[PDB]
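Data file: structure_37.cif. Format and content: mmCIF, C-alpha atoms; chains and numbers go by the auth columns.
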data_target
loop_
_atom_site.group_PDB
_atom_site.id
_atom_site.type_symbol
_atom_site.label_atom_id
_atom_site.label_comp_id
_atom_site.label_asym_id
_atom_site.label_seq_id
_atom_site.Cartn_x
_atom_site.Cartn_y
_atom_site.Cartn_z
_atom_site.B_iso_or_equiv
_atom_site.auth_seq_id
_atom_site.auth_asym_id
ATOM 1 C CA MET A 1 82.569 120.450 88.594 0.00 1 U
ATOM 2 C CA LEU A 2 84.745 118.093 86.546 0.00 2 U
ATOM 3 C CA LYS A 3 86.070 116.712 89.838 0.00 3 U
ATOM 4 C CA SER A 4 84.116 113.443 89.747 0.00 4 U
ATOM 5 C CA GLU A 5 84.629 112.792 86.033 0.00 5 U
ATOM 6 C CA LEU A 6 88.347 113.589 86.136 0.00 6 U
ATOM 7 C CA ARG A 7 88.760 111.072 88.960 0.00 7 U
ATOM 8 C CA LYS A 8 86.846 108.506 86.932 0.00 8 U
ATOM 9 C CA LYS A 9 88.484 108.922 83.514 0.00 9 U
ATOM 10 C CA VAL A 10 91.976 108.619 85.004 0.00 10 U
ATOM 11 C CA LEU A 11 90.983 105.791 87.358 0.00 11 U
ATOM 12 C CA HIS A 12 89.635 103.806 84.397 0.00 12 U
ATOM 13 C CA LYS A 13 93.072 103.629 82.756 0.00 13 U
ATOM 14 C CA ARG A 14 94.770 103.519 86.150 0.00 14 U
ATOM 15 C CA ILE A 15 93.307 100.085 86.886 0.00 15 U
ATOM 16 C CA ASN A 16 93.859 99.055 83.266 0.00 16 U
ATOM 17 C CA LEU A 17 97.641 99.018 83.694 0.00 17 U
ATOM 18 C CA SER A 18 99.022 95.505 83.438 0.00 18 U
ATOM 19 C CA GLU A 19 101.015 93.874 86.244 0.00 19 U
ATOM 20 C CA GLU A 20 103.776 93.219 83.703 0.00 20 U
ATOM 21 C CA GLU A 21 104.770 96.861 83.351 0.00 21 U
ATOM 22 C CA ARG A 22 103.175 97.871 86.651 0.00 22 U
ATOM 23 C CA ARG A 23 105.247 95.525 88.824 0.00 23 U
ATOM 24 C CA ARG A 24 108.452 96.648 87.116 0.00 24 U
ATOM 25 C CA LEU A 25 107.621 100.312 87.677 0.00 25 U
ATOM 26 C CA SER A 26 106.619 99.540 91.265 0.00 26 U
ATOM 27 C CA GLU A 27 110.083 98.051 91.753 0.00 27 U
ATOM 28 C CA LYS A 28 111.582 101.353 90.622 0.00 28 U
ATOM 29 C CA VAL A 29 109.380 103.290 93.042 0.00 29 U
ATOM 30 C CA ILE A 30 110.313 100.866 95.832 0.00 30 U
ATOM 31 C CA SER A 31 114.020 101.154 95.088 0.00 31 U
ATOM 32 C CA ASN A 32 113.795 104.949 94.789 0.00 32 U
ATOM 33 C CA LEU A 33 111.792 105.381 97.993 0.00 33 U
ATOM 34 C CA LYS A 34 114.055 102.977 99.882 0.00 34 U
ATOM 35 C CA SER A 35 117.220 104.649 98.573 0.00 35 U
ATOM 36 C CA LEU A 36 116.075 108.052 99.844 0.00 36 U
ATOM 37 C CA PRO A 37 118.517 108.916 102.691 0.00 37 U
ATOM 38 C CA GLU A 38 115.658 110.511 104.613 0.00 38 U
ATOM 39 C CA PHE A 39 113.832 107.178 104.590 0.00 39 U
ATOM 40 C CA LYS A 40 116.908 105.853 106.367 0.00 40 U
ATOM 41 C CA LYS A 41 116.300 108.338 109.188 0.00 41 U
ATOM 42 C CA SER A 42 112.492 108.315 109.237 0.00 42 U
ATOM 43 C CA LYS A 43 111.512 105.898 111.985 0.00 43 U
ATOM 44 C CA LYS A 44 107.756 105.805 111.532 0.00 44 U
ATOM 45 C CA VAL A 45 106.889 104.618 108.034 0.00 45 U
ATOM 46 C CA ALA A 46 103.153 104.784 107.415 0.00 46 U
ATOM 47 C CA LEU A 47 101.542 103.586 104.201 0.00 47 U
ATOM 48 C CA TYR A 48 98.011 104.101 102.919 0.00 48 U
ATOM 49 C CA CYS A 49 97.072 101.082 100.772 0.00 49 U
ATOM 50 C CA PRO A 50 97.578 99.914 97.159 0.00 50 U
ATOM 51 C CA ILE A 51 94.221 98.602 95.955 0.00 51 U
ATOM 52 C CA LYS A 52 93.143 99.923 92.563 0.00 52 U
ATOM 53 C CA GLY A 53 96.037 101.127 90.454 0.00 53 U
ATOM 54 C CA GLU A 54 98.720 102.265 92.807 0.00 54 U
ATOM 55 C CA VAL A 55 102.238 101.095 93.364 0.00 55 U
ATOM 56 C CA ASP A 56 103.086 97.613 94.612 0.00 56 U
ATOM 57 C CA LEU A 57 104.535 98.717 97.944 0.00 57 U
ATOM 58 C CA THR A 58 102.894 95.670 99.498 0.00 58 U
ATOM 59 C CA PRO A 59 105.972 93.380 98.917 0.00 59 U
ATOM 60 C CA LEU A 60 108.124 96.036 100.623 0.00 60 U
ATOM 61 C CA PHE A 61 106.490 95.259 103.980 0.00 61 U
ATOM 62 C CA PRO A 62 109.189 92.630 104.897 0.00 62 U
ATOM 63 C CA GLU A 63 111.914 95.221 104.244 0.00 63 U
ATOM 64 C CA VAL A 64 110.142 97.851 106.331 0.00 64 U
ATOM 65 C CA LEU A 65 109.399 95.452 109.208 0.00 65 U
ATOM 66 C CA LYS A 66 113.095 94.580 109.296 0.00 66 U
ATOM 67 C CA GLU A 67 114.362 98.131 109.762 0.00 67 U
ATOM 68 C CA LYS A 68 111.629 100.610 110.676 0.00 68 U
ATOM 69 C CA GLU A 69 108.085 100.524 112.001 0.00 69 U
ATOM 70 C CA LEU A 70 105.482 99.673 109.391 0.00 70 U
ATOM 71 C CA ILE A 71 102.448 101.768 110.197 0.00 71 U
ATOM 72 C CA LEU A 72 99.063 101.022 108.659 0.00 72 U
ATOM 73 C CA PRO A 73 95.720 102.866 108.985 0.00 73 U
ATOM 74 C CA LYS A 74 93.264 101.220 111.361 0.00 74 U
ATOM 75 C CA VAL A 75 89.623 102.282 111.342 0.00 75 U
ATOM 76 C CA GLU A 76 88.353 102.179 114.918 0.00 76 U
ATOM 77 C CA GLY A 77 85.279 104.283 114.280 0.00 77 U
ATOM 78 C CA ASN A 78 85.215 106.726 111.354 0.00 78 U
ATOM 79 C CA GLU A 79 88.415 108.322 112.627 0.00 79 U
ATOM 80 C CA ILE A 80 91.562 106.423 111.744 0.00 80 U
ATOM 81 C CA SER A 81 94.361 105.631 114.157 0.00 81 U
ATOM 82 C CA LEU A 82 97.773 104.334 113.140 0.00 82 U
ATOM 83 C CA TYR A 83 99.211 101.090 114.472 0.00 83 U
ATOM 84 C CA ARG A 84 102.884 100.192 114.175 0.00 84 U
ATOM 85 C CA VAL A 85 104.026 96.654 113.427 0.00 85 U
ATOM 86 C CA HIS A 86 107.509 95.154 113.608 0.00 86 U
ATOM 87 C CA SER A 87 106.288 91.731 112.589 0.00 87 U
ATOM 88 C CA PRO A 88 103.778 90.232 110.099 0.00 88 U
ATOM 89 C CA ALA A 89 101.645 89.203 113.064 0.00 89 U
ATOM 90 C CA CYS A 90 98.440 91.216 113.351 0.00 90 U
ATOM 91 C CA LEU A 91 97.101 91.977 109.893 0.00 91 U
ATOM 92 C CA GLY A 92 93.411 91.255 109.480 0.00 92 U
ATOM 93 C CA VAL A 93 90.703 92.391 107.096 0.00 93 U
ATOM 94 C CA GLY A 94 88.440 94.720 109.029 0.00 94 U
ATOM 95 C CA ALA A 95 87.426 97.366 106.518 0.00 95 U
ATOM 96 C CA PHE A 96 86.254 97.063 102.899 0.00 96 U
ATOM 97 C CA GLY A 97 88.718 94.355 101.932 0.00 97 U
ATOM 98 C CA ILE A 98 91.817 96.072 103.267 0.00 98 U
ATOM 99 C CA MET A 99 93.912 94.651 106.095 0.00 99 U
ATOM 100 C CA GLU A 100 94.353 96.625 109.304 0.00 100 U
ATOM 101 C CA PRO A 101 96.224 95.990 112.591 0.00 101 U
ATOM 102 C CA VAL A 102 93.536 95.526 115.237 0.00 102 U
ATOM 103 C CA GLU A 103 95.965 94.419 117.933 0.00 103 U
ATOM 104 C CA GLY A 104 99.271 96.095 118.617 0.00 104 U
ATOM 105 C CA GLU A 105 100.752 99.432 119.556 0.00 105 U
ATOM 106 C CA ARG A 106 98.535 102.462 119.026 0.00 106 U
ATOM 107 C CA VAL A 107 100.539 105.362 117.618 0.00 107 U
ATOM 108 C CA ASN A 108 99.289 108.903 117.096 0.00 108 U
ATOM 109 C CA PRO A 109 99.412 109.984 113.410 0.00 109 U
ATOM 110 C CA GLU A 110 101.384 113.135 114.240 0.00 110 U
ATOM 111 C CA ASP A 111 104.227 110.910 115.470 0.00 111 U
ATOM 112 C CA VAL A 112 104.683 109.561 111.947 0.00 112 U
ATOM 113 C CA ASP A 113 107.808 110.880 110.227 0.00 113 U
ATOM 114 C CA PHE A 114 107.273 109.431 106.779 0.00 114 U
ATOM 115 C CA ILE A 115 103.957 108.555 105.155 0.00 115 U
ATOM 116 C CA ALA A 116 103.224 107.289 101.655 0.00 116 U
ATOM 117 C CA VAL A 117 99.886 108.439 100.283 0.00 117 U
ATOM 118 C CA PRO A 118 98.699 107.657 96.740 0.00 118 U
ATOM 119 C CA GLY A 119 96.168 109.635 94.747 0.00 119 U
ATOM 120 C CA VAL A 120 94.090 109.208 91.587 0.00 120 U
ATOM 121 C CA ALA A 121 95.845 112.132 89.933 0.00 121 U
ATOM 122 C CA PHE A 122 98.736 114.424 90.824 0.00 122 U
ATOM 123 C CA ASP A 123 100.255 117.595 89.406 0.00 123 U
ATOM 124 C CA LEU A 124 103.701 119.231 89.451 0.00 124 U
ATOM 125 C CA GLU A 125 102.891 121.407 92.471 0.00 125 U
ATOM 126 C CA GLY A 126 101.658 118.706 94.816 0.00 126 U
ATOM 127 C CA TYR A 127 97.893 118.751 94.553 0.00 127 U
ATOM 128 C CA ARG A 128 95.482 115.867 94.225 0.00 128 U
ATOM 129 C CA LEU A 129 91.855 115.500 93.228 0.00 129 U
ATOM 130 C CA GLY A 130 90.981 113.501 96.328 0.00 130 U
ATOM 131 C CA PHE A 131 88.919 110.331 96.628 0.00 131 U
ATOM 132 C CA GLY A 132 86.081 110.856 99.063 0.00 132 U
ATOM 133 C CA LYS A 133 85.921 113.420 101.840 0.00 133 U
ATOM 134 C CA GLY A 134 84.421 112.730 105.241 0.00 134 U
ATOM 135 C CA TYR A 135 86.721 111.001 107.711 0.00 135 U
ATOM 136 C CA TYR A 136 89.893 110.079 105.826 0.00 136 U
ATOM 137 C CA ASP A 137 90.751 113.735 105.300 0.00 137 U
ATOM 138 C CA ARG A 138 90.623 113.984 109.085 0.00 138 U
ATOM 139 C CA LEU A 139 93.457 111.458 109.238 0.00 139 U
ATOM 140 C CA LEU A 140 95.313 113.688 106.797 0.00 140 U
ATOM 141 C CA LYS A 141 94.816 116.562 109.255 0.00 141 U
ATOM 142 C CA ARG A 142 96.471 114.397 111.891 0.00 142 U
ATOM 143 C CA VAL A 143 99.567 113.418 109.898 0.00 143 U
ATOM 144 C CA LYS A 144 101.554 116.616 109.407 0.00 144 U
ATOM 145 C CA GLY A 145 104.901 114.957 108.774 0.00 145 U
ATOM 146 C CA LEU A 146 106.439 114.137 105.401 0.00 146 U
ATOM 147 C CA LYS A 147 103.522 113.308 103.129 0.00 147 U
ATOM 148 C CA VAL A 148 104.945 111.514 100.122 0.00 148 U
ATOM 149 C CA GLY A 149 102.689 111.118 97.123 0.00 149 U
ATOM 150 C CA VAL A 150 103.304 107.790 95.443 0.00 150 U
ATOM 151 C CA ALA A 151 101.979 107.281 91.912 0.00 151 U
ATOM 152 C CA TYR A 152 102.871 106.717 88.266 0.00 152 U
ATOM 153 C CA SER A 153 103.740 109.456 85.775 0.00 153 U
ATOM 154 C CA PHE A 154 100.622 108.504 83.791 0.00 154 U
ATOM 155 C CA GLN A 155 98.459 109.791 86.644 0.00 155 U
ATOM 156 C CA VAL A 156 100.599 112.918 86.926 0.00 156 U
ATOM 157 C CA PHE A 157 99.897 116.135 85.041 0.00 157 U
ATOM 158 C CA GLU A 158 101.298 119.670 85.192 0.00 158 U
ATOM 159 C CA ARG A 159 98.393 121.270 87.043 0.00 159 U
ATOM 160 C CA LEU A 160 95.072 120.053 88.386 0.00 160 U
ATOM 161 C CA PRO A 161 91.848 122.022 88.982 0.00 161 U
ATOM 162 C CA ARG A 162 91.971 122.602 92.731 0.00 162 U
ATOM 163 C CA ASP A 163 88.442 122.075 94.039 0.00 163 U
ATOM 164 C CA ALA A 164 88.557 123.368 97.604 0.00 164 U
ATOM 165 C CA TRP A 165 91.045 122.394 100.284 0.00 165 U
ATOM 166 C CA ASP A 166 92.596 119.082 99.326 0.00 166 U
ATOM 167 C CA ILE A 167 95.798 118.512 101.277 0.00 167 U
ATOM 168 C CA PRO A 168 99.034 119.070 99.288 0.00 168 U
ATOM 169 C CA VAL A 169 101.945 116.668 99.768 0.00 169 U
ATOM 170 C CA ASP A 170 105.542 117.370 100.812 0.00 170 U
ATOM 171 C CA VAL A 171 107.283 115.024 98.379 0.00 171 U
ATOM 172 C CA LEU A 172 106.194 113.283 95.170 0.00 172 U
ATOM 173 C CA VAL A 173 107.721 110.018 93.948 0.00 173 U
ATOM 174 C CA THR A 174 106.995 108.471 90.561 0.00 174 U
ATOM 175 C CA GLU A 175 108.336 105.497 88.627 0.00 175 U
ATOM 176 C CA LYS A 176 110.474 107.747 86.442 0.00 176 U
ATOM 177 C CA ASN A 177 111.424 110.923 88.316 0.00 177 U
ATOM 178 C CA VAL A 178 111.730 112.377 91.807 0.00 178 U
ATOM 179 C CA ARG A 179 109.631 115.439 92.588 0.00 179 U
ATOM 180 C CA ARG A 180 110.361 117.651 95.570 0.00 180 U
ATOM 181 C CA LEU A 181 107.870 120.277 96.669 0.00 181 U
ATOM 182 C CA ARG A 182 110.106 121.897 99.261 0.00 182 U
ATOM 183 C CA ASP A 183 112.359 124.062 97.072 0.00 183 U
ATOM 184 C CA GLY A 184 113.488 127.320 98.625 0.00 184 U
ATOM 185 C CA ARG A 185 113.472 130.712 96.945 0.00 185 U
ATOM 186 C CA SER A 186 115.455 133.282 98.930 0.00 186 U
ATOM 187 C CA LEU A 187 116.867 133.805 102.428 0.00 187 U
ATOM 188 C CA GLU A 188 117.203 137.020 104.439 0.00 188 U
ATOM 189 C CA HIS A 189 119.087 137.750 107.661 0.00 189 U
ATOM 190 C CA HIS A 190 118.594 141.437 108.329 0.00 190 U
ATOM 191 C CA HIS A 191 117.464 142.700 104.953 0.00 191 U
ATOM 192 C CA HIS A 192 114.086 143.920 106.162 0.00 192 U
ATOM 193 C CA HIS A 193 115.026 147.615 105.962 0.00 193 U
ATOM 194 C CA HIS A 194 118.007 149.342 107.559 0.00 194 U
#

How does this structure look as structure tokens?
Amino acid sequence: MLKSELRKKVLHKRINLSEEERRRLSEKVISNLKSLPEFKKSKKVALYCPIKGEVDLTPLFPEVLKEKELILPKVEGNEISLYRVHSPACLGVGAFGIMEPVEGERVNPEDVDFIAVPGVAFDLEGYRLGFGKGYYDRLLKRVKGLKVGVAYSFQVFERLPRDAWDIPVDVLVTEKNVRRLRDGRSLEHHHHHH
């Protein structure tokens, strides 16, 4: 398929973005995400990790720690558990360069209200192209709350070639616009025949 190449060609420019523009757009995403009234209610705020060409949500940790529970993915053994932190105490590099909370309060991923998950590419329906399947998709099967896709409009298209069963998100936040994938169509009471 074009799955691997499409990931690559977008990722190449994705990591080419300069911190100048990037950091300013990240600020917009931060402000947008933090201004969302549902983020005010969501108690468990889990983030994936900005590493390659995602959004600088890293500096937002202090804000999160102040109000809600900052939840980060901890790899205990292939399967990922989620640990909540209320302080910048336990954050150590355990995995491939990323920091994870090895000591703290073990929370089950299904308890997470709000989670921010980035992707190489997004579309206008809420699909991704994935990264690498194996164990991380299992974590995605755990977290069935509000999955918010966080990325830049550059990595967003109208539609993507859906490979198999990549997990669609609930909300999509960019640096320019707010995308909601929970629009309703019609409502019936007793319209199912008379």

Would you mind listing what lies within 10 Å of residue U:3 as an MDAnalysis selection string, with all atoms listed in the file counted and same-chain residues fewer than 3 positions away left out? chainID U and resid 6:8 129:131 160:163

Nearest residue to residue U:32 from the set U:57, U:70, U:156, U:99 (distances using all atoms listed in the file):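 The shortest atom-to-atom distance to residue U:32 comes from U:57.
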
So, counting only C-alpha atoms, which residue among U:23, U:28, U:142, U:179 is closest to residue U:56? U:23

Between atom CA of residue U:104 and atom CA of residue U:68, what is the distance, to one decimal in Å? 15.4 Å

Quick one: pull the distance between atom CA of residue U:157 and atom CA of residue U:10, Å, one decimal.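 Between atom CA of residue U:157 and atom CA of residue U:10 the gap is 10.9 Å.
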
Can you turn the PyMOL selection byres ((chain U and resi 61) around 12) into a concrete residue list for this file, as a list in words? residues 30, 34, 45, 46, 47, 49, 56, 57, 58, 59, 60, 62, 63, 64, 65, 66, 67, 68, 69, 70, 71, 72, 84, 85, 86, 87, 88, 89 and 91 of chain U

Would you mind exporting C-alpha atoms of the selected residues as a PDB file, keeping the file's coordinate frame?
ATOM      1  CA  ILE U  30     110.313 100.866  95.832  1.00  0.00           C
ATOM      2  CA  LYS U  34     114.055 102.977  99.882  1.00  0.00           C
ATOM      3  CA  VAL U  45     106.889 104.618 108.034  1.00  0.00           C
ATOM      4  CA  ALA U  46     103.153 104.784 107.415  1.00  0.00           C
ATOM      5  CA  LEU U  47     101.542 103.586 104.201  1.00  0.00           C
ATOM      6  CA  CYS U  49      97.072 101.082 100.772  1.00  0.00           C
ATOM      7  CA  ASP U  56     103.086  97.613  94.612  1.00  0.00           C
ATOM      8  CA  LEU U  57     104.535  98.717  97.944  1.00  0.00           C
ATOM      9  CA  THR U  58     102.894  95.670  99.498  1.00  0.00           C
ATOM     10  CA  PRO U  59     105.972  93.380  98.917  1.00  0.00           C
ATOM     11  CA  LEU U  60     108.124  96.036 100.623  1.00  0.00           C
ATOM     12  CA  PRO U  62     109.189  92.630 104.897  1.00  0.00           C
ATOM     13  CA  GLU U  63     111.914  95.221 104.244  1.00  0.00           C
ATOM     14  CA  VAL U  64     110.142  97.851 106.331  1.00  0.00           C
ATOM     15  CA  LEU U  65     109.399  95.452 109.208  1.00  0.00           C
ATOM     16  CA  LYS U  66     113.095  94.580 109.296  1.00  0.00           C
ATOM     17  CA  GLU U  67     114.362  98.131 109.762  1.00  0.00           C
ATOM     18  CA  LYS U  68     111.629 100.610 110.676  1.00  0.00           C
ATOM     19  CA  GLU U  69     108.085 100.524 112.001  1.00  0.00           C
ATOM     20  CA  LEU U  70     105.482  99.673 109.391  1.00  0.00           C
ATOM     21  CA  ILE U  71     102.448 101.768 110.197  1.00  0.00           C
ATOM     22  CA  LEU U  72      99.063 101.022 108.659  1.00  0.00           C
ATOM     23  CA  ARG U  84     102.884 100.192 114.175  1.00  0.00           C
ATOM     24  CA  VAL U  85     104.026  96.654 113.427  1.00  0.00           C
ATOM     25  CA  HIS U  86     107.509  95.154 113.608  1.00  0.00           C
ATOM     26  CA  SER U  87     106.288  91.731 112.589  1.00  0.00           C
ATOM     27  CA  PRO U  88     103.778  90.232 110.099  1.00  0.00           C
ATOM     28  CA  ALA U  89     101.645  89.203 113.064  1.00  0.00           C
ATOM     29  CA  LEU U  91      97.101  91.977 109.893  1.00  0.00           C
TER      30      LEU U  91
END

Using all atoms listed in the file, which of U:112, U:29, U:75, U:55 sits nearest residue U:93?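 Checking each candidate against residue U:93, we get U:75 as the closest.
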
What residues have an atom no more than 12 Å from (111.7, 108.6, 103.8) in the file's own frame, counting all atoms listed in the file, and can you write them as JSON, numbers by chain? {"U": [30, 31, 32, 33, 34, 35, 36, 37, 38, 39, 40, 41, 42, 43, 44, 45, 46, 47, 64, 68, 112, 113, 114, 115, 116, 145, 146, 147, 148, 149, 150, 170, 171, 172, 173]}

In Å, rounded to a single decimal, give me how far atom CA of residue U:135 is from atom CA of residue U:78.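 Computed distance, atom CA of residue U:78 to atom CA of residue U:135, equals 5.8 Å.
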
Counting all atoms listed in the file, figure out which residue out of U:74, U:106, U:9, U:194 gets nearest to residue U:94.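 So, comparing all the options, the nearest one is U:74.
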
Pick from U:141, U:176, U:191, U:182: nearest to residue U:26, with only C-alpha atoms counted? U:176

Answer key for the PyMOL selection byres ((chain U and resi 52) around 12), residues as a list in words: residues 10, 11, 12, 13, 14, 15, 16, 17, 18, 19, 22, 49, 50, 51, 53, 54, 55, 56, 97, 98, 118, 119, 120, 131 and 151 of chain U

Rank U:185, U:144, U:138, U:133 by their smallest atom-to-atom distance to residue U:80, using only C-alpha atoms, and report the top residue only. U:138
